[PDB]
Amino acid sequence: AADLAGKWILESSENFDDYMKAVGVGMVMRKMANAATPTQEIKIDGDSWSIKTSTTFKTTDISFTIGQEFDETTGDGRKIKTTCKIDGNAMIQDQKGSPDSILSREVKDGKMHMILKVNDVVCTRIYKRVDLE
């Protein structure tokens, strides 16, 4: 999963609105989030990670150690317990709360595929790399 490092910008999205409805995001915030073109900046040092997700209206920042449970507050404001692990090509962010959700990221054919799963909803968001320097 080491190649997730760098900067990424959203290229395509499928079923994000239903994902947000399932986790309880309100109407106005869904309007903003659906229209957004977020960037993700991912840094990796050994088993230490950070991920900054930026939009014009909201930024989230998390930092963690692979395998170590930590407190996360999501962009929409849910308090959850998160554990991240590496599974070959993918880094999986397993979120416990109300509701639970699974977020996976992996690079394929040069693009970061982020799959978000909650209850019976699956959302796929594909990011293109932004070259740094």
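The first residue of the shown sequence is 1; numbering continues from there.
Next on the checklist: On mean Cα temperature factor in this entry, is 50 to 58 or 85 to 93 the higher one?
Outcome noted: Comparing 50 to 58 with 85 to 93, the higher mean C-alpha B-factor belongs to 85 to 93.
Next on the checklist: Please say which third, lowest, middle or highest, residue 17 falls into when its CA temperature factor is compared across its chain.
Outcome noted: It belongs to the lowest third of the chain when residues are ordered by C-alpha B-factor.
Item to check | Entry-reported Cα temperature factor of residue 69, expressed as the chain third it lands in | outcome: Its C-alpha B-factor belongs to the highest third of this chain's values.
Checklist entry - Which third of the chain does residue 98 land in by C-alpha B-factor: lowest, middle or highest? => result It falls in the top third of the chain.
Next on the checklist: Lowest, middle or highest third: which one holds residue 45 when the chain's residues are ordered by CA B-factor from the entry?
Outcome noted: For residue 45, whose C-alpha B-factor we compare with every modelled residue in the chain, the answer is the highest third.
Next on the checklist: Test of reading the entry: by CA B factor among the chain's modelled residues, which third contains residue 33?
Outcome noted: Answer is lowest: the recorded C-alpha B-factor places it there.
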